[PDB]
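Structure file protein-v4.txt with compact mmCIF, C-alpha atoms:
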```txt
# COMPACT_ATOMS: atom_id res chain seq x y z
CA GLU A 3 -154.63 -181.04 -55.58
CA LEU A 4 -155.78 -177.42 -54.81
CA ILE A 5 -152.32 -176.12 -55.50
CA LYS A 6 -151.66 -176.90 -59.17
CA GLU A 7 -148.39 -177.01 -61.07
CA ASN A 8 -149.08 -173.49 -62.34
CA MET A 9 -150.86 -171.05 -60.03
CA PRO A 10 -151.88 -167.51 -60.61
CA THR A 11 -151.75 -164.72 -57.96
CA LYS A 12 -153.35 -161.41 -57.26
CA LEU A 13 -152.23 -158.99 -54.48
CA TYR A 14 -153.72 -155.90 -52.84
CA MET A 15 -151.48 -153.75 -50.69
CA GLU A 16 -152.17 -150.67 -48.65
CA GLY A 17 -149.73 -148.75 -46.50
CA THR A 18 -147.80 -145.75 -45.27
CA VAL A 19 -144.07 -145.25 -45.02
CA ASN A 20 -142.81 -142.21 -43.06
CA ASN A 21 -146.44 -141.01 -43.14
CA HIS A 22 -146.66 -141.36 -46.97
CA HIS A 23 -149.92 -143.23 -47.79
CA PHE A 24 -150.03 -145.55 -50.79
CA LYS A 25 -151.67 -148.50 -52.52
CA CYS A 26 -150.42 -151.17 -54.87
CA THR A 27 -151.94 -154.04 -56.77
CA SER A 28 -150.15 -156.86 -58.44
CA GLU A 29 -150.56 -159.96 -60.44
CA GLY A 30 -148.32 -162.86 -61.14
CA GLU A 31 -148.06 -166.56 -61.57
CA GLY A 32 -145.52 -169.25 -60.79
CA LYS A 33 -144.68 -172.87 -60.31
CA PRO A 34 -145.24 -173.70 -56.68
CA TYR A 35 -143.48 -177.09 -56.75
CA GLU A 36 -140.51 -175.66 -58.56
CA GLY A 37 -140.13 -172.62 -56.17
CA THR A 38 -140.43 -169.88 -58.82
CA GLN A 39 -142.79 -167.02 -59.54
CA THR A 40 -143.12 -163.61 -61.11
CA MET A 41 -145.13 -160.55 -59.97
CA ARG A 42 -146.09 -157.48 -62.02
CA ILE A 43 -146.73 -154.62 -59.63
CA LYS A 44 -148.41 -151.25 -60.10
CA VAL A 45 -148.48 -148.42 -57.56
CA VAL A 46 -152.06 -147.21 -57.93
CA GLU A 47 -152.30 -144.51 -55.20
CA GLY A 48 -149.58 -142.29 -53.80
CA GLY A 49 -147.19 -142.76 -56.71
CA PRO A 50 -144.51 -142.05 -57.45
CA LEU A 51 -143.27 -143.19 -54.08
CA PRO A 52 -140.80 -140.95 -52.18
CA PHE A 53 -138.93 -144.05 -50.90
CA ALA A 54 -137.16 -146.92 -52.61
CA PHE A 55 -139.63 -149.58 -53.74
CA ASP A 56 -137.05 -152.12 -52.62
CA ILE A 57 -138.36 -151.89 -49.07
CA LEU A 58 -141.74 -153.30 -50.23
CA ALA A 59 -140.25 -156.10 -52.34
CA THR A 60 -140.53 -158.85 -49.74
CA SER A 61 -144.03 -157.84 -48.87
CA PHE A 62 -145.19 -158.90 -52.34
CA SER A 66 -145.78 -165.55 -51.51
CA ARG A 67 -144.83 -168.61 -49.38
CA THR A 68 -146.83 -171.17 -51.36
CA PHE A 69 -144.14 -170.96 -54.09
CA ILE A 70 -141.33 -172.42 -52.05
CA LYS A 71 -139.98 -175.69 -53.30
CA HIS A 72 -140.08 -178.16 -50.48
CA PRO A 73 -138.42 -181.52 -51.10
CA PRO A 74 -140.39 -184.62 -49.97
CA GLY A 75 -138.76 -184.99 -46.50
CA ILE A 76 -139.85 -181.47 -45.45
CA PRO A 77 -143.50 -181.03 -44.61
CA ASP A 78 -144.83 -177.94 -46.41
CA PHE A 79 -146.76 -175.87 -43.87
CA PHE A 80 -147.97 -173.43 -46.46
CA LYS A 81 -149.15 -175.87 -49.14
CA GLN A 82 -150.93 -177.96 -46.47
CA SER A 83 -152.82 -174.88 -45.19
CA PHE A 84 -155.26 -174.78 -48.12
CA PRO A 85 -158.08 -174.51 -48.81
CA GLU A 86 -158.13 -172.36 -45.63
CA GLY A 87 -154.86 -170.46 -46.25
CA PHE A 88 -152.57 -168.74 -43.79
CA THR A 89 -151.36 -165.39 -42.60
CA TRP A 90 -148.14 -163.75 -41.48
CA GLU A 91 -146.82 -160.75 -39.74
CA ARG A 92 -143.32 -159.44 -40.03
CA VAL A 93 -141.09 -156.75 -38.60
CA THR A 94 -138.11 -155.61 -40.62
CA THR A 95 -135.51 -153.56 -38.72
CA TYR A 96 -133.02 -151.57 -40.72
CA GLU A 97 -129.64 -150.83 -39.17
CA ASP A 98 -130.06 -147.12 -39.79
CA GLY A 99 -133.28 -146.90 -37.79
CA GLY A 100 -136.11 -147.55 -40.37
CA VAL A 101 -138.64 -150.09 -39.16
CA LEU A 102 -141.13 -151.75 -41.58
CA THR A 103 -144.01 -153.84 -40.29
CA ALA A 104 -146.35 -155.86 -42.53
CA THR A 105 -149.23 -158.20 -42.09
CA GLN A 106 -150.68 -160.41 -44.73
CA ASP A 107 -153.64 -162.62 -45.33
CA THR A 108 -153.34 -165.45 -47.88
CA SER A 109 -156.47 -167.19 -49.22
CA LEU A 110 -157.32 -169.38 -52.17
CA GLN A 111 -160.32 -168.29 -54.24
CA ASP A 112 -161.51 -169.96 -57.46
CA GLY A 113 -158.11 -171.19 -58.48
CA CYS A 114 -156.27 -168.03 -57.62
CA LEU A 115 -154.04 -167.15 -54.66
CA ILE A 116 -155.29 -163.89 -53.22
CA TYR A 117 -153.05 -161.73 -51.00
CA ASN A 118 -154.18 -158.76 -48.88
CA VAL A 119 -151.27 -156.87 -47.31
CA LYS A 120 -151.00 -153.91 -44.88
CA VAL A 121 -147.69 -152.18 -44.52
CA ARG A 122 -146.40 -149.58 -41.99
CA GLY A 123 -142.90 -148.04 -42.19
CA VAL A 124 -141.46 -145.51 -39.71
CA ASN A 125 -138.27 -143.67 -38.93
CA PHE A 126 -136.54 -144.06 -42.23
CA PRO A 127 -133.86 -141.38 -42.15
CA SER A 128 -134.68 -138.63 -44.63
CA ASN A 129 -131.03 -138.47 -45.58
CA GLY A 130 -130.58 -142.28 -45.92
CA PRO A 131 -130.61 -144.31 -49.15
CA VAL A 132 -134.17 -145.59 -48.83
CA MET A 133 -135.62 -142.07 -48.79
CA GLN A 134 -133.00 -140.81 -51.25
CA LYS A 135 -133.86 -143.81 -53.49
CA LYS A 136 -130.18 -144.86 -53.75
CA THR A 137 -130.69 -148.66 -53.63
CA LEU A 138 -129.96 -151.51 -56.16
CA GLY A 139 -131.96 -154.44 -54.84
CA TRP A 140 -131.48 -157.25 -52.45
CA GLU A 141 -128.75 -159.85 -52.00
CA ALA A 142 -129.78 -163.50 -51.89
CA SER A 143 -130.49 -164.70 -48.37
CA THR A 144 -131.40 -167.60 -46.21
CA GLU A 145 -134.34 -167.70 -43.94
CA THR A 146 -134.40 -170.04 -41.03
CA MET A 147 -137.72 -171.57 -40.11
CA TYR A 148 -138.37 -172.64 -36.53
CA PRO A 149 -141.60 -174.40 -35.53
CA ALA A 150 -143.29 -172.76 -32.53
CA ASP A 151 -146.73 -173.13 -30.93
CA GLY A 152 -148.46 -174.42 -34.07
CA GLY A 153 -146.92 -171.81 -36.41
CA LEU A 154 -143.55 -171.08 -38.03
CA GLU A 155 -141.05 -168.44 -36.93
CA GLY A 156 -138.95 -167.19 -39.82
CA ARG A 157 -135.75 -165.28 -39.23
CA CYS A 158 -133.24 -163.77 -41.58
CA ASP A 159 -130.97 -160.94 -42.42
CA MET A 160 -131.10 -159.12 -45.70
CA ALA A 161 -128.91 -156.56 -47.33
CA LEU A 162 -129.80 -153.89 -49.69
CA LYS A 163 -127.21 -152.96 -52.34
CA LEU A 164 -126.38 -149.29 -52.39
CA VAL A 165 -125.61 -146.97 -55.25
CA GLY A 166 -121.93 -146.25 -54.81
CA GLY A 167 -121.22 -149.69 -53.27
CA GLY A 168 -121.87 -151.06 -49.80
CA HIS A 169 -125.05 -152.34 -48.24
CA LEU A 170 -127.76 -151.38 -45.91
CA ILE A 171 -128.52 -154.28 -43.60
CA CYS A 172 -131.77 -155.26 -42.02
CA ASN A 173 -133.11 -158.02 -39.87
CA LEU A 174 -136.48 -159.74 -40.49
CA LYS A 175 -138.69 -161.57 -37.95
CA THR A 176 -141.88 -163.25 -39.24
CA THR A 177 -144.56 -165.27 -37.67
CA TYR A 178 -146.53 -167.54 -40.07
CA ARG A 179 -149.83 -168.91 -38.80
CA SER A 180 -152.19 -171.36 -40.53
CA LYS A 181 -155.98 -170.84 -40.78
CA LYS A 182 -156.29 -174.60 -40.97
CA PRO A 183 -156.96 -176.53 -37.76
CA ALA A 184 -153.71 -177.78 -36.20
CA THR A 185 -155.02 -181.37 -36.20
CA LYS A 186 -154.68 -181.31 -39.98
CA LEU A 187 -151.12 -180.10 -40.27
CA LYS A 188 -147.91 -182.02 -40.17
CA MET A 189 -145.34 -179.65 -38.67
CA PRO A 190 -141.78 -179.59 -40.03
CA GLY A 191 -138.67 -179.43 -37.80
CA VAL A 192 -136.10 -176.68 -38.25
CA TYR A 193 -135.25 -175.91 -41.81
CA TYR A 194 -133.88 -173.33 -44.17
CA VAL A 195 -135.17 -171.44 -47.20
CA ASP A 196 -132.75 -169.93 -49.67
CA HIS A 197 -134.20 -167.04 -51.60
CA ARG A 198 -133.22 -164.91 -54.55
CA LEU A 199 -135.48 -161.97 -55.33
CA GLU A 200 -134.67 -159.97 -58.46
CA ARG A 201 -136.18 -156.99 -60.15
CA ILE A 202 -136.67 -157.69 -63.86
CA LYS A 203 -138.22 -154.50 -65.02
CA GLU A 204 -139.26 -151.15 -63.84
CA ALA A 205 -140.92 -148.15 -65.49
CA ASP A 206 -142.06 -144.60 -64.69
CA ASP A 207 -140.09 -143.93 -61.54
CA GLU A 208 -140.78 -147.30 -59.95
CA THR A 209 -144.61 -147.14 -60.34
CA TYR A 210 -144.35 -150.23 -62.37
CA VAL A 211 -142.14 -153.11 -61.23
CA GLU A 212 -141.68 -156.70 -62.25
CA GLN A 213 -140.05 -159.12 -59.76
CA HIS A 214 -138.97 -162.67 -59.86
CA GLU A 215 -138.30 -164.95 -56.91
CA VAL A 216 -136.82 -168.34 -56.53
CA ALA A 217 -137.02 -170.08 -53.15
CA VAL A 218 -135.95 -173.58 -52.17
CA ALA A 219 -136.23 -175.29 -48.77
CA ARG A 220 -133.52 -177.62 -47.45
CA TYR A 221 -132.09 -179.17 -44.26
CA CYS A 222 -128.48 -178.47 -43.28
CA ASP A 223 -126.23 -180.98 -45.15
CA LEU A 224 -123.21 -180.17 -42.99
CA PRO A 225 -121.72 -183.26 -41.30
CA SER A 226 -122.31 -183.92 -37.56
CA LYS A 227 -121.52 -186.60 -34.90
```
Written as structure tokens, how would this file's structure read?
Amino acid sequence: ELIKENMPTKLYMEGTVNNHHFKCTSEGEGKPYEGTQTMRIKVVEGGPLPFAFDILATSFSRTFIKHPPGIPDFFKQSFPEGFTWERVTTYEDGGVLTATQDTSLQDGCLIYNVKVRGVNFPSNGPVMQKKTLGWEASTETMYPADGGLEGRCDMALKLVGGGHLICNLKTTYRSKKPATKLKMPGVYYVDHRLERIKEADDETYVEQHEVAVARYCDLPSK
């Protein structure tokens, strides 16, 4: 329909982490019905960053989740109007990262505008010492609430040396489409894997790939 089998993306990000101002742009494409996509990211102001890029990774694309037929796709249904989200990520060592995003569809292209704000990352911790090795796979639970979706998950950042730094994510996804036009899902789950494919020049160029698939819980009941 409006969301084709192949779909290009463009993203504009602006933020500050521990008072460090920066900007990024990216471009990618993916297969929205297959749940895959790639993003090529450039830090265009404030580079090289004094924190691990990993903490921005999830801020760089909900349309590219594979929803099987029994699960109404909130995000795909939101077009042509699009949707927005806002998220708080709380790291167990005190860093907090907040992000808000607008998603819109313009002349065949998904356009993302993202504002990020990070505070209280410990100067001695692995994020500011850039001692991280990317994210483990994780599962996000989606709960319908008041016309929108509440996403919740935990994620863990691999550390150089072994071990993980754990964080908790809370997101609220809201549609710009009128609620009369949206079939809401029930509770469901999204499994994600987000991998870095390439990086250059002290993380001022990064290429990421995500795969994300929605499912219900297949565990037996009574």
Tell me which protein, DNA and RNA residues are within 9 Å of residue A:153, counting all atoms listed in the file, leaving out same-chain ones fewer than 3 positions away, and put them as a PDB file with C-alpha atoms, in the coordinates of the input.
```pdb
ATOM      1  CA  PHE A  79    -146.760-175.870 -43.870  1.00  0.00           C
ATOM      2  CA  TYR A 148    -138.370-172.640 -36.530  1.00  0.00           C
ATOM      3  CA  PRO A 149    -141.600-174.400 -35.530  1.00  0.00           C
ATOM      4  CA  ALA A 150    -143.290-172.760 -32.530  1.00  0.00           C
ATOM      5  CA  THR A 177    -144.560-165.270 -37.670  1.00  0.00           C
ATOM      6  CA  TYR A 178    -146.530-167.540 -40.070  1.00  0.00           C
ATOM      7  CA  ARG A 179    -149.830-168.910 -38.800  1.00  0.00           C
ATOM      8  CA  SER A 180    -152.190-171.360 -40.530  1.00  0.00           C
ATOM      9  CA  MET A 189    -145.340-179.650 -38.670  1.00  0.00           C
TER      10      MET A 189
END
```
Near residue A:50, within 12 Å and counting all atoms listed in the file, which residues show up once chain neighbours fewer than 5 positions away are dropped, as an mmCIF file with C-alpha atoms, in the frame of the given file?
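Contents of the output file selection_3.cif:
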```cif
data_model
loop_
_atom_site.group_PDB
_atom_site.id
_atom_site.type_symbol
_atom_site.label_atom_id
_atom_site.label_comp_id
_atom_site.auth_asym_id
_atom_site.auth_seq_id
_atom_site.Cartn_x
_atom_site.Cartn_y
_atom_site.Cartn_z
ATOM 1 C CA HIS A 22 -146.660 -141.360 -46.970
ATOM 2 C CA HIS A 23 -149.920 -143.230 -47.790
ATOM 3 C CA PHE A 24 -150.030 -145.550 -50.790
ATOM 4 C CA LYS A 25 -151.670 -148.500 -52.520
ATOM 5 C CA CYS A 26 -150.420 -151.170 -54.870
ATOM 6 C CA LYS A 44 -148.410 -151.250 -60.100
ATOM 7 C CA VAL A 45 -148.480 -148.420 -57.560
ATOM 8 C CA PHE A 55 -139.630 -149.580 -53.740
ATOM 9 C CA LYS A 135 -133.860 -143.810 -53.490
ATOM 10 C CA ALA A 205 -140.920 -148.150 -65.490
ATOM 11 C CA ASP A 206 -142.060 -144.600 -64.690
ATOM 12 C CA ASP A 207 -140.090 -143.930 -61.540
ATOM 13 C CA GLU A 208 -140.780 -147.300 -59.950
ATOM 14 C CA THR A 209 -144.610 -147.140 -60.340
ATOM 15 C CA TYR A 210 -144.350 -150.230 -62.370
ATOM 16 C CA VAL A 211 -142.140 -153.110 -61.230
#
```
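Near residue A:131, within 9 Å and counting only C-alpha atoms, sit residues 53, 54, 127, 128, 129, 133, 134, 135, 136, 137, 164, 165 and 170 of chain A; same-chain residues fewer than 2 positions away were not included.
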Q: Just the residues within 6 Å of stretch 90-107 of chain A, please, counting all atoms listed in the file, with nothing from its chain fewer than 6 positions along; format it as a list in words.
A: residues 117, 118, 119, 120, 121, 122, 123, 124, 125, 126, 171, 172, 173, 174, 175, 176, 177 and 178 of chain A
Output the selection as a PDB file, keeping the file's coordinate frame - C-alpha atoms for each residue.
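Dumped to selection_5.pdb:
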```pdb
ATOM      1  CA  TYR A 117    -153.050-161.730 -51.000  1.00  0.00           C
ATOM      2  CA  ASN A 118    -154.180-158.760 -48.880  1.00  0.00           C
ATOM      3  CA  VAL A 119    -151.270-156.870 -47.310  1.00  0.00           C
ATOM      4  CA  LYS A 120    -151.000-153.910 -44.880  1.00  0.00           C
ATOM      5  CA  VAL A 121    -147.690-152.180 -44.520  1.00  0.00           C
ATOM      6  CA  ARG A 122    -146.400-149.580 -41.990  1.00  0.00           C
ATOM      7  CA  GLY A 123    -142.900-148.040 -42.190  1.00  0.00           C
ATOM      8  CA  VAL A 124    -141.460-145.510 -39.710  1.00  0.00           C
ATOM      9  CA  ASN A 125    -138.270-143.670 -38.930  1.00  0.00           C
ATOM     10  CA  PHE A 126    -136.540-144.060 -42.230  1.00  0.00           C
ATOM     11  CA  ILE A 171    -128.520-154.280 -43.600  1.00  0.00           C
ATOM     12  CA  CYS A 172    -131.770-155.260 -42.020  1.00  0.00           C
ATOM     13  CA  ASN A 173    -133.110-158.020 -39.870  1.00  0.00           C
ATOM     14  CA  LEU A 174    -136.480-159.740 -40.490  1.00  0.00           C
ATOM     15  CA  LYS A 175    -138.690-161.570 -37.950  1.00  0.00           C
ATOM     16  CA  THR A 176    -141.880-163.250 -39.240  1.00  0.00           C
ATOM     17  CA  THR A 177    -144.560-165.270 -37.670  1.00  0.00           C
ATOM     18  CA  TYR A 178    -146.530-167.540 -40.070  1.00  0.00           C
TER      19      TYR A 178
END
```
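Among the candidates A:158, A:147, A:132, A:187, the residue lying nearest to residue A:82 is A:187 (atoms considered: all atoms listed in the file).
Of the listed residues (A:16, A:223, A:215, A:151), A:215 comes nearest to residue A:71; the distances count all atoms listed in the file.
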